[PDB]
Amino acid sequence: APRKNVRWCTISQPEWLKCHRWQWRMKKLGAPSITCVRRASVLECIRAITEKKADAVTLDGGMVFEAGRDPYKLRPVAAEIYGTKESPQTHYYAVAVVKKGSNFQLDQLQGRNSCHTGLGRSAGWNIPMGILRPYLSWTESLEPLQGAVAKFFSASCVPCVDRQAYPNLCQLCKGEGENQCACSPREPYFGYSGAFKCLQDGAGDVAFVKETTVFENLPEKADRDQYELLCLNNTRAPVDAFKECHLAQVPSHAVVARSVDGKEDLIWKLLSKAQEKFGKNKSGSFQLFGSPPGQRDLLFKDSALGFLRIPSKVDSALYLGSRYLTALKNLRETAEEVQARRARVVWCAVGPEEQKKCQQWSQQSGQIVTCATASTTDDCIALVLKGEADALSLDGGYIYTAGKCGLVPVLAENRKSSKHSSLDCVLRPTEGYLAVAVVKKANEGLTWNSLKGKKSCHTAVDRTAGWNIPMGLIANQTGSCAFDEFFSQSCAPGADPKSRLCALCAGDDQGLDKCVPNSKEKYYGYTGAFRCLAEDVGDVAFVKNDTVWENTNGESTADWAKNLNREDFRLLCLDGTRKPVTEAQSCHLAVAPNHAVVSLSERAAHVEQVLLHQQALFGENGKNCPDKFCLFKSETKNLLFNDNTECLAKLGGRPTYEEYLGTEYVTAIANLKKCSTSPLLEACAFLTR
């Protein structure tokens, strides 16, 4: 079928020859047929793929980044595994190898001859330029990195550069005629082994490659001895010392496919079969990870142990990692364009309504705070990881997911409290909020023991009050992991839209975006889920004490709420009792930990300082609060923060997400998550690999 086979993109004749040799041994094994597409440059394949002319190609990390940028939107589906069968690695090292006997060090490359694997490649270009930036004397306001580099080295061979604009950089290249500097193996000194040969042939003084390049080209140690590495501290060392003498560690190459309609599973079915039949140390007629004499790294890096399947949620940015992603980014942006990015705090807004409140806050703040937006909290978390956003306030259940991804609590949302009216809000200890089950008095006979079969309203899936606590307790008493099988129907924003957990959700004013986990969905959040109950859409709602009081007896003023009486409602206790909504202290399901602001540990220090100041202006008793703008007031819609919040308190020290949530709650969620797999959670385990 037009999708029952994978078309592989090749950028050279031998690669094409290898591909056909691969396609041949494949059918004999009966697997998704392999079609081979011919091309002449890496770009051509990237473009070819996104244009549905091909489905797969293995790319270097720096090309993987470039492939994920909007025009193409490609994504890593499988990572090459290196190292050894007992000690595998999914990363490698960028080293600078030089002929033993020379004298120059890292800080003396000026005027030398250079050998690069290719332009935009991890080891051959990205890492070095990063390290060598201080000595380059480059001004983006005058010319591009290439210009600076062309004025640094006297001559080199950086395949792919423009021999017309920057001849200086294609001199040492050995390509024949038009092939000179070609961005493909059509150029001898192209790739890892090419740049190495560029050095071996004494054309250049340095070769920027990876740790294994030497051991792959020179087997007899006697030969190796003639070569050394350049260490960061400006000293040389033997090539087997790369673990100590390296410029940087980078992520392995990856196979990339289309983001949408990419044949992922098909590509992976083939690779997993291919590696199991013709992998390392495996059958020796045809080697998947080997190229004929004089040929190298055809299709896949030579001597790779195999592949690793990449989870659906990790895209190019995530796959590369914060460290590498930052480095690459610093290469494409201005020096101040980056300083600006660091001086400001980028808030992540979830939905159109929160986005609007944020754009407002941004204006009032003076542009110190800026905004980024996502349709879901999970997406905002990913944005913070990629460095697109700095922070946001998360419910306890989300702090577990953000925690499982390395984000940390910074300040906690402090609701005005009766107790401890002794201290000031910013240093006042946090007192959780009570999660409760509310029902309508009229709903006779409905107690905790009779929730089975009823209809339910939940703030959203994965949140404390509306999900973790209720479903946690229901799972323990039910034994089963089937929650969508407990209630006949419900509204739990975030669940499968085609599921019955979304069968009672509204969507926006036009019935659109039904079940979407953001304020656009009528029955989302504390207030949304309460309204779901009030309107008789569900038999029970799972919210917190505060919600009942804030939207009854005319405290909301919103149509559905203005005429609601708190005496019309009751709370379901765990002892099978119903109680007036004034009996919360004795009739709650659990006391949850306050919502809090998270961020990357390396950014936390900054975010906090900016926040404590912001809140001094638009917080409860801020300079311009009533009059110009109030941070914790969103007209009962709880946008960005809860409306009943007085301030954001210091967490006293630097608790981890586990410390903040409490052991009790953490395991509770943990055991419940054992019933379901969360894409972001999977993607995150992989982030630590």
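In case it trips you up, residue 1 is the first one in the sequence shown, and so on.
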Could you check the entry and say whether 177-185 or 568-576 has the higher mean CA B-factor?
177-185
Mean C-alpha B-factor higher for 164-172, or for 399-407?
164-172
For the listed residues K522, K416, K301, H595, which one has the largest C-alpha B-factor as given in the deposited model?
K416
Going by the entry, which of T235, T212, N551, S122 has the most elevated CA B factor?
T235
How does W347 rank on Cα B-factor within its chain, lowest, middle or highest third?
lowest
Where does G453 sit by CA temperature factor within its chain: lowest, middle or highest third?
lowest
Determine, from the deposited record, the chain-internal third of the Cα B-factor for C684: lowest, middle or highest.
middle
Considering every modelled residue of the chain and its Cα B-factor in the PDB entry, is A534 in the lowest, middle or highest third?
lowest
Where the record places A561 (Cα B-factor, split into thirds across the chain)
highest
